[PDB]
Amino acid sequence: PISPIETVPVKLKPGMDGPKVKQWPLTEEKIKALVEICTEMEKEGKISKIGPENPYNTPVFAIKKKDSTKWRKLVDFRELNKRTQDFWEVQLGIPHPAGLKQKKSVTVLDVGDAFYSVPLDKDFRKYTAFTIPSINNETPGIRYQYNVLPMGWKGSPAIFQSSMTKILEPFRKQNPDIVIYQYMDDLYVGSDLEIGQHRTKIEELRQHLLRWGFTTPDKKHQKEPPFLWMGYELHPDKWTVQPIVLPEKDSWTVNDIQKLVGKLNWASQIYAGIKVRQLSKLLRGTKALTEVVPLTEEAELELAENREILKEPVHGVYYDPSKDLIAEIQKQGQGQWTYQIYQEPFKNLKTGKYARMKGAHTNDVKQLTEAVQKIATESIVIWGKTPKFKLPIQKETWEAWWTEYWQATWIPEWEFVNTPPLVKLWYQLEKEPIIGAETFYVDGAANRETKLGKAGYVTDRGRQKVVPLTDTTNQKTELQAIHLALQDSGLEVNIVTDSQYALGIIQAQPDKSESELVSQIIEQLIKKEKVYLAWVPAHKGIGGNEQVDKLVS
């Protein structure tokens, strides 16, 4: 049926008119699919015949529903969508089963022909004009317009969800201890009533939906576990993902690897330890989706590791609001982190991973802090609170980081957990110059227009060096000059530069970088005992710096 809910007023964008796009050819199996849908949507009043005074059109097609023996009608409203007003979408996220409480009685219902039970603004219907082909050659076609929400229109999902929300609200208020998870036309209904009273409330919910035109076919009325919901399986005490099948291939195209990583990312919500760094490395610098990419040795290993993890059966548990949330993080290498969120040990609510490189130069402590921030946000979304953290970093390491890093940084309540590899600072610059250490005055200049430069140093022990550099930059020659001083110095060194840029990077104490040259500087910094790094202004005649700047020019 068609809901008697008031329609939602909708506009085209200012200046714009309607679509005018001739129809294309379809199979006979799909023409008879739609004529059966379309003379029958007309009898129930979902569409109406029109003709030549309405100048608009938009092409139409059908795909097979995932239930087989049923077809989904779709119109290619790409043109109308562009000239239709913007909407504020009210679907703000996706419910997750780790946010659910244990319930004594559970039911899953789905509304039938959801979109077609919601009417469309009277004044907007004429822009939904289309035509049914019937073998193209035999007849020009029959023109209709939508009286209800069409599948493929930009505004249909939001107008349905908002309509469903208004219809549900009387029932929610009248029944505050029945949880209704509402995603599109899919309703999860849990309660702590014995199944008798529960099914009374269920049939009363369905009858309330029916008065407002929303059927709930028995076909999609789940009454017993395991419930199929949002891609998962809900058992009474636990939940699982529906089975994940990864591609297996002799030869891999870029698109195959793209699909592989996406599935692994989906699996990572419950399968701990998933890694995709080396498989995704294969997608860089590629230029086509059909390009055959051979797997590197490292990608084969990573895929094999994931395949071992996935052959194991896993489950999540549900949320107990009387117990604390606990998040534990482990380091995996190459900027990869994996985490589990639980309340009782060895009983995961869910898992996840963090593996983004923010910045050209960073360190493990920064990335641990980012992983904490992602977990904190995800916990607010799912449970409305942040968890207590268990982290593989020691209090002294963190304390040394937030006193010598100049940016404000923080991490909540956390308990140190000894799960190597531990997160650590890989070097620390001295706060003061070092007695007995050699002093290097470093400098490098480059020619903006020529690409050619030089890096070099002068030394309080009389040492000097200049290396010529080609196809370089100003900032590179300054980094290179610091590279030389670290290369030719002993275990303890004092370095004076005039590049704020180079000071900025190194003083942040990075341990990884997208720059090979910065990576070289980092490996040298880690092998040293003590390093004091000092800045001076250039071209003000200051001893050491002036002499080296002479030598580089």
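In this text, residue numbers run from 1 along the sequence as written.
Which is higher in the entry, the mean Cα B factor of 192-200 or that of 93-101?
For C-alpha atoms only, the mean B-factor is higher in 192-200.
Mean C-alpha B factor from the entry: is it higher for 540-548 or for 527-535?
If you average the C-alpha B-factors of 540-548 and of 527-535, the larger mean comes out for 540-548.
Checking the entry, which one of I132, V365, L295, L187 has the top C-alpha B factor?
The listed residue with the largest C-alpha B-factor is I132.
Considering only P157, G352, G316, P313, which residue's Cα atom bears the greatest B-factor as recorded?
Highest CA B-factor of the listed options: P313.
Going by the entry, which third of its chain does the Cα temperature factor of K46 land in?
Middle third of the chain for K46's C-alpha B-factor.
Taking the values exactly as deposited, rank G112 by C-alpha B-factor within its chain and report the matching third: lowest, middle or highest.
It falls in the middle third of the chain.
CA B-factor placement of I326, once the chain's modelled residues are sorted into thirds
Lowest third, going by the recorded CA B-factors of the chain.
Third assignment of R143 from its chain's C-alpha B-factors:
It belongs to the highest third of the chain when residues are ordered by C-alpha B-factor.
B-factor third for the C-alpha atom of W71 within its chain:
Within its chain, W71 is a highest-third residue by C-alpha B-factor, going by the deposited values.
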